[PDB]
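Participant: A structural model of the following input is requested.
(2 chains, ligands or ions: 4)
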Amino acid sequence: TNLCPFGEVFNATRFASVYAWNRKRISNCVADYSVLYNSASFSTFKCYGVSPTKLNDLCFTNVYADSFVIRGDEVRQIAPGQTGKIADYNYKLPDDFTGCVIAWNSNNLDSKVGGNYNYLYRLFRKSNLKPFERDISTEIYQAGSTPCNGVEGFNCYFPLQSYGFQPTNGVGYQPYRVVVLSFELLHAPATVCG
Amino acid sequence: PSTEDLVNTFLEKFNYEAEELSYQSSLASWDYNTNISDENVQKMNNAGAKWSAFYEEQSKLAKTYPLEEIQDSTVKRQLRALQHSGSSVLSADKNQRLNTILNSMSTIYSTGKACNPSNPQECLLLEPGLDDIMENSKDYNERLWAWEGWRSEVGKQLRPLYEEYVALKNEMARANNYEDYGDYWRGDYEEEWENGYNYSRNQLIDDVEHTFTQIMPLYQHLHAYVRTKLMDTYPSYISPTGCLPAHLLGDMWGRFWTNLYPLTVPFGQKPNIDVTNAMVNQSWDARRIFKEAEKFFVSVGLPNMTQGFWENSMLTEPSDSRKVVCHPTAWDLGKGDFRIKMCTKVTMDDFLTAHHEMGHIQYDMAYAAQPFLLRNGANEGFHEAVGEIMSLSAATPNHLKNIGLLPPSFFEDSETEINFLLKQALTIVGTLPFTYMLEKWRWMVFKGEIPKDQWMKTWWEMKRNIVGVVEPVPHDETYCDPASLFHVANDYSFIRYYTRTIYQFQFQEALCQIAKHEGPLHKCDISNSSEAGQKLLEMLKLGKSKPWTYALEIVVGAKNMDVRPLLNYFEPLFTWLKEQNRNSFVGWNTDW
Ligand SMILES: *[C@@H]1O[C@H](CO)[C@@H](O[C@@H]2O[C@H](CO)[C@@H](O[C@@H]3O[C@H](CO)[C@@H](O)[C@H](O)[C@@H]3O)[C@H](O)[C@H]2NC(C)=O)[C@H](O)[C@H]1NC(C)=O
Ligand SMILES: *[C@@H]1O[C@H](CO)[C@@H](O[C@@H]2O[C@H](CO)[C@@H](O)[C@H](O)[C@H]2NC(C)=O)[C@H](O)[C@H]1NC(C)=O
Ligand SMILES: *[C@@H]1O[C@H](CO)[C@@H](O)[C@H](O)[C@H]1NC(C)=O
Ligand SMILES: *[C@@H]1O[C@H](CO)[C@@H](O)[C@H](O)[C@H]1NC(C)=O
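Facilitator: Numbers count the residues shown, from 1 in each chain, chains lettered A, B, ... in the order given. Ligands and ions are numbered 1, 2, ... in the order given. For reference, the structure is listed below:
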């Protein structure tokens, strides 16, 4: 059994915007967690629906690693029960989540002077997302009865707004990278162990 | 969907874009203030133009939503605020007209330079020199010359400009559903949607006057004291039972009687606490000043500064590396970037000033959770008042002993307390009447009650009746002395200082009463009173989300302005003045 190099999942050239939360399938390998806390430098390391390290050397079903960059103030939004913007229309964990949530300040890399406006977030949506749903659409959010004919206007706004990350910003508006580790568990066979 | 749902969508957009734009503008300006380069100037202008355009269009769009159909007041208030274009309603020709007139008045005020009545080489500018003269000179002749020069050359020019400015400004107000430009200004205090909390606009006039009456006795006795001592310096011109000549008030406009302390210093031998030398001896630095301030606010319960604050704020002159504006300024760039710009120096003055400005910072740090439109002080006077209360609590000899800038067994003597209270009274109690006078004149002028033919006439009449000041030389209607004040030629409101002053003492009294402090309010330190910090925060977090009356009630326990706190703060000085005036006259013959 070969070690699951979360390296690719955690350390990376670039991270995707929350509206495009990237998912990688951990499988056919072995992966510890004590080591992860050992990796340290993690602002938030909260695993839900499992004991702290009772899984350290245990096996589970397909493990999915979702990665995105959000604001520190929105880090709370990434948890069962939340009702914020990021949770409702960008990424939504279930009320019975059985995985992990890891997050670290990325101000040194994902921010630049002049503003790193590359990262984006969905501001408006016609209905709340569903658990682990995604929505890479780029369509005007028709607020009222009058059609929008694909042009911005009164009660006709765009649904993907930019993120202004600058080093001078405060922690609350600072870029934090996030990696959620999905640990579905059932009698089904396993490939991820520790 | 309901118009309200549509509104929420609109606002939730505006904020999510306006905030970013305001941050861009703020950061570019920080560059042009922390650095002064033609480039930075142009960059600042581009960013300002984009912010302008945003607010302009978003205002028009907000008007299409109808406030009446909005029910949640919070949403209603945000929308209301955004629905105040102003200039737009006027034909763009008239918009340019008013812009050009205001720019011309501003340029006259800035470029204005008055020359000697004799020496052709003594032509000096308004602020660079004439101010200094009128603030630290003791010659009737010289001061009269400077006074007449400013209100003649600079004033007479502005007279026609202001005559048209009132017309265009009132036109704007009426086109924005306001009876006069005065009502438009007074609506800054307007608030609604509660049981009684709601304040109307004219009720501001009512309240300002019913408070000024209660302050009048104090100003009369202070007037008598000042009149007598000034008489003993300029005995050739000061009647013992009449008004005082304006050119003798310590500033070009007689708005602050602070420079009269050496001429009106009770006692005079006794010294005043000046920890400046003590700080220099304790090798304090700019950081240490601001760190002590942080510690203070920590004690009362508020958070400490953001790491970004210390990391990006400019607290010391930029060596000679850069050219910079020095006027102390607090900064809410949005997005959690809080900063302070001050050419801090190791003096008691800068220490107290830093407390004030960091108090502004804390207010801003306390209403960030609110939406952009609701992220501001409760009214136009709440911000300045909180900063002041911080400085007023740091000046107390107690906090000076605590930080270790004052000996451990130092004790105040009644003579020193009275010196300090008198200095305070000049700066505070002296401007109050002048402030009321100026703003009442402008309100009535915009309303139309004062015709131009009696436009300067009533002005000086009012001075005599209210401020108790008289014209050294008769000024016909060709003059326009009112515009000689920056806040006037530059279209600013002037009532904020009256309100700020009244409020700050109400706040301070509440906060002390919560710290169980006992004794003269002038000797109160909220330090280490977690309860005081909690009450203050429970107001500060509100921003302008809740009615200004409600914020006040949360902290002082009333729904309107009261002067009893101020009178209590100055009561010792009041009584001392009463006795010192027993053998003189308290009052002033209007006509003289
Ligand atoms: C609010 O509390 C602070 C902290 O007590 C007051 O500042 C002054 O702090 C020093 C300690 O940091 C106090 O006294 C010294 O304590 C040290 C440590 O044990 C000891 O070596 C010395 O012998 C001395 O006892 C000092 O008394 C204290 N000042 C006070 C209590 O007035 C701050 O002054 C407090 N706020 C107000 C308004 O007094
Ligand atoms: C103040 O302004 C000057 C001139 O505008 C700035 O000088 C910059 O110097 C760097 C490095 O040589 C150039 O690449 C930049 O083009 C210059 N300015 C700008 C605006 O791009 C200077 O950096 C500014 N700030 C400070 C703190 O000195
Ligand atoms: C890659 O990421 C893992 C995540 O735990 C970390 O432990 C490891 O040190 C990283 N390797 C680097 C940064 O070279
Ligand atoms: C800032 O305040 C926090 C919370 O009270 C405190 O834990 C921290 O020690 C303070 N900062 C410093 C430098 O002491």
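Participant: Name the residues of chain A found near ligand 3, please.
Facilitator: Residues of chain A lying near ligand 3 by C-beta under 6 Å from any ligand atom: A:6, A:7, A:10, A:11, A:36, A:39. Where C-beta positions appear, they are placed from N, C-alpha and C, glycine not excepted.
Participant: Mind checking which of those residues are in strands?
Facilitator: With strands defined by DSSP state E, no entry of the residues of chain A next to ligand 3 lies inside them.
Participant: In three-state terms, how would the residue in the stretch 101-250 of chain B positioned nearest to ligand 3 be classified?
Facilitator: Nearest residue of the stretch 101-250 of chain B to ligand 3: residue B:193, at 52.6 Å (C-beta to the nearest ligand atom). Secondary structure, DSSP: H, G, I helix; E, B strand; the rest coil: residue B:193 is coil.
Participant: Identify the residues contacting the closest residue to chain B within chain A.
Facilitator: Residue of chain A nearest chain B, by C-beta to the nearest C-beta: residue A:170 (1.9 Å). By C-beta atoms under 8 Å, 6 or more residues apart in numbering or on different chains, the residues touching residue A:170 are B:306, B:308, B:335, B:336, B:337, B:338.
Participant: In strands only, show me these.
Facilitator: Counted as lying in strands by DSSP E, out of the contacts of residue A:170, are residue B:338.
Participant: how close does residue B:77 sit to residue B:403?
Facilitator: Remark: distance between residue B:77 and residue B:403 (C-beta to C-beta, to the nearest Å) = 41 Å.
Participant: brain fart, residue A:94
Facilitator: According to C-beta to C-beta, residue A:94 and residue B:403 sit 54 Å apart.
Participant: Settle it for me: which of those two has more neighbours?
Facilitator: Between residue A:94 and residue B:403, counted using other C-beta atoms under 10 Å in any protein chain shown, residue B:403 has the larger neighbour count: 20 against 15.
Participant: Assign a three-state SS to residue B:273, would you?
Facilitator: Following three-state DSSP, residue B:273 is assigned to coil.
Participant: ok, it - how many residues close by?
Facilitator: Here the number of neighbours of residue B:273 (other C-beta under 10 Å) works out to 18.
Participant: contacting residues around residue 182?
Facilitator: With no chain named, the answer covers chain A. Going by C-beta under 8 Å, 6+ apart, residue A:182 touches A:63, A:64, A:65, A:66, A:99, A:132.
Participant: let's do chain B instead
Facilitator: By C-beta under 8 Å, 6+ apart, the residues touching residue B:182 are B:173, B:442, B:443, B:444, B:446, B:447.
Participant: Verify the stated contact: the second one with residue B:488.
Facilitator: It refers to residue B:442. Yes - the pair residue B:442 / residue B:488 is scored as a contact, 7.5 Å apart, by C-beta atoms under 8 Å.
Participant: overlap in contacts of these two?
Facilitator: In contact with both residue B:442 and residue B:488: B:482, B:494, using C-beta under 8 Å, 6+ apart.
Participant: hmm, back to that, between the residues of chain A next to ligand 3, which is closest to residue B:499?
Facilitator: Ranked by distance to residue B:499 (C-beta to C-beta), these are led by residue A:10 at 55.2 Å.
Participant: nearest spatial neighbour of the residue of the stretch 101-250 of chain B closest to ligand 3, skipping sequence neighbours?
Facilitator: Closest residue to residue B:193 apart from its sequence neighbours, by C-beta to C-beta, 6 or more residues apart in numbering or on different chains: residue B:73 at 3.6 Å.
Participant: Pick out the residue in chain A sitting closest to ligand 2.
Facilitator: For chain A, C-beta to the nearest ligand atom, closest residue to ligand 2: residue A:113, 10.7 Å.
Participant: Against ligand 3, how distant is that residue?
Facilitator: According to C-beta to the nearest ligand atom, to the nearest Å, residue A:113 and ligand 3 sit 25 Å apart.
Participant: Checking that residue next. Helix, strand or coil?
Facilitator: Note that with three-state DSSP, the state of residue A:113 is coil.
Participant: count of neighbours near it?
Facilitator: Counted by other C-beta under 10 Å, the residues lying close to residue A:113 total 9.
Participant: correct me, but it touches residue A:165?
Facilitator: No - between residue A:113 and residue A:165 there is no contact under C-beta under 8 Å: 10.5 Å.
Participant: so what's residue A:61 up against?
Facilitator: Shown in contact with residue A:61 (C-beta under 8 Å, 6+ apart): A:183, A:184, A:185, A:186, A:188, A:189, A:190, A:192.
Participant: Of these, select the buried ones using a ChimeraX command.
Facilitator: Buried residues within the contacts of residue A:61, by 16 or more other C-beta atoms under 10 Å in any protein chain shown, are selected in ChimeraX with:
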select /A:183,192
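Participant: what's the farthest-apart pair in the contacts of residue A:61?
Facilitator: Farthest apart among those by C-beta to C-beta are A:183 and A:189. That separation is 14.8 Å.
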